Ligand SMILES: [Mg+2]
C-alpha cells in the first residue's frame, strides 16, 4: 500500500517526506517573518525579514544584511508559520499574499514536487527533468481516490473527472493552458494515458488507435522552437468518448490555429515541422529517388534556420514511429505515399527560383524544381507554371491573365505551399476522426491543450486570436469559481471588464476590432494604413480598453485580462482572407493524386465556409465555449520555471508573472478576502486540542471541541464562522492559532 508505505516511490516522488513525529511542538518557534523586496525596483524578488519590533500600525524588521526597515502592517506580507511550508493546496495557507504563494510553490519544487493545487486549480511547474511518476503502478495508486486522499498529480484530477462523469452523468472538461514549454502537451498525454487505463477494455485496438493519433499529429503539427524542442504549433480539443458503462468508446479532435507560415520560413535555430526532417532522414533510398529527395541542406524551406537536427532526437527513428502510428490508425500505404508525396512536393515548390528582368514579369529558366513538384503532386507542370506566374484575374467582366513579377510570383508560390500544408493537416485530422469518432456516444471528457495569453516582443493577428480565446476562458473560469464558492458557502450554511475587452474584439454594433477588419477585407485595395486608421478612428480615446500609440503608426494596444498587449497590424488584411489564386485551385483540382484531389475538391477542407479567417475563428471559439459550458470543467495551469529550459532554476519573476496572467493570483486575491481556510472540525481538534485546557485529541463532539479551543484562546469571533462541517477562518487567523502555546 504505497499511499501508506512511506518507502514507496509514491512517497518519495509525490509527498513531502514524513518523519517519525507529527507533534505540534516540533514546529514551535518564537520568530515572526515578513516577505519584503530588497530592491523596490524588483517587486517579485523578495527576501525574508525577521520582524524585530512593531508599533500599533507598523512592523519593524531586520533585512538579510542586518538593515532595519519598517513597514505598514497593512502592507506587510507576513510569512506563514513553518508548518504551512509544503502544503498540497495553496488554499490551506493562512497568509495569502503573493510572496507567500510563491514560497509555497518553491518549497515544493525544491523537493521535486511539481504539482500543487490552488483552490480549483492544479498548478503544474515543469521540472525540466523526468520524474518517474507516470508509470502504471503510479496510474494504479490514483484509481478512485478523492482529491483529498492522494497527492497532487495530473492523474488525480483525471480520476476526479472520470468519477464525476460516471457519478453525475455529466460530460467533463480539463483545460490545460500556459506558456510554450510549460508541459501542456506532456500533461495532456498523461490524461489520455490515464483514461485509457482506467476505462479501456481488453487490457485494445481502439485504445491503441486513440493513443496513436497524437504521434501522427505531432509530426505534422509540432516543431523545434527556441522555447520548446517539441513545440505544438496548433491548439487542440480532444474529446475522449465513453459508453453508459464508463468504457472508452471513441475520440474526436478539433485543431486550431496551425502556424502554416512556418512551413516557408523559420527563425534562427528553429526548425520546420518535424515531418520534413523525418521523411528525409527515414525515407528509403528507393523512396528518396522516387520523391526526388536530398538532404535538408538542399531545400530552401529547410536550410535557412541553421538547424536541422535536435539534440537527442533521431528523425529516422521518429519517422518509424510516425509511419507505425499511421499503420495503426489505419492509413493505407497508398494514402501514406501520397502524404509523403505532398510533403515532398512542398519541399520542391520551395526550391523554385523565380527570375525576372526580361520584362518586369517572372519566368522559369530551369524547370527541375517545378517538374519535381508536379511529378509528386500529380498536376500538369505547364498548368502549375502558368498558375504561378500568369494567373488569370477578374477585372471587370474581363478575365485576364496577369504576368506577376518574381516577388509576387514567389509569394503566390508560398501561398500555395501554405494551403497544401494546412489542408493536409485538416485532412489528416478528419481521417483520424473518421476512424476514432463516435456518432453515438454517451459521455465525454474533453481536453483542451492550447496556450494561455501570448505577449511577445511582436504581437500579430494570431496573438489577438489566442488572447481573445483566453479572455473567454478566463471569464469562464471566473463564472465557474463564482458558482462553486457560493455552493460551498451554501452547503456549509455560511453567509465585466472581461465583457468590455471581449466586446472590443468581437462586438458587432458598434463594431469591434474583428468586425472592422472584416469590413476592410472586402476592398481589394485596402492597406495596413487604411485598417489601422479605421481602428484608431473608432476606438482611440473612445474605448477605454484600446490605446493608439504615441508614435507607432502601425500598432494598437488592447488592455487584456493579463495586461496591455500591443499589436502590430501588418498583413492582417491578407491573413484575414488567406488568399490563393483561383488558377492554382484549378490546377490541383485535377491532380491525379487521390489525396490531393481531396484537399481541393472537398469543400469541407478546401474552403472556410464566403467567411473570413476572423469570422471562422470567432465561430469556432463560440462553439468551443458552448461545449465547455455543457461540462463540469477542471483547470490545470502549467508554468515554466524560467526561460532557459533548465531544471532546478525556479525564477521568481518568471513564475510570478505567469501566476499573475493565468488567473492563479487573482483567485487567491478574491479567496483571501472571505474565509479562505475551511477545515473539518475533527481535523482542527486533532491538531490543536492541546491548546485548550479542555480538549481530548479524539472527541465525538468535534464542533464543540473546536469552540472550546477558540474560546479558550479568546479568538475574535468575527474571525471565524462555524459551518455545518468545517470551521471557516479569515485570512491570518489560523496562522495566529498555529502560533499559540500548548
Ligand atoms: Mg504543446
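By Swiss-Prot numbering, chain A shows 2-204, 209-500, 508-621, 627-759, in order.
Per deposition record, X-ray crystallography, 2.0 Å.
Here the Cβ of each residue, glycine as well, is placed from N, Cα and C on the backbone.
Taking Swiss-Prot as the reference, the stretch among 723-737, 738-752 described by the feature region 'Actin-binding' is residues 738-752.
Separating the Cα atoms of residue 182 (ATP binding site) and residue 130 (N6,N6-dimethyllysine) is a whole-number distance of 13 Å.
Those same-chain residues not listed among 179, 180, 181, 182, 183, 184, 185, 186 yet with C-beta within 8 angstroms of the centroid of the ATP site C-beta atoms are 127, 233, 456, 655, 657. Proximity of the binding-site residues 181, 184, 186 to ligand 1, judged by a Cβ distance under 6 angstroms to any of its atoms, singles out 186 in sequence order. DSSP assignment over the region 'Actin-binding' (738-752) gives 3 helix, 6 strand, 6 coil.
Proximity of residue 179 (ATP binding site) to non-local residues of its own chain (separation of 6 or more, Cβ distance below 8 Å) is seen for 185, 456, 457, 654, 655, 656, 657, 675, 679, given in sequence order. The closest partner of residue 130 (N6,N6-dimethyllysine) among the binding-site residues, by CA position, is 184; the full candidate set was 181, 184, 186. According to DSSP, residue 181 (ATP binding site) is assigned to coil rather than to any helix or strand. In the three-state DSSP reading, residue 130 (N6,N6-dimethyllysine) counts as coil. Counted within 10 Å of its Cβ, the other Cβ atoms near residue 183 (ATP binding site) come to 26, all protein chains included.
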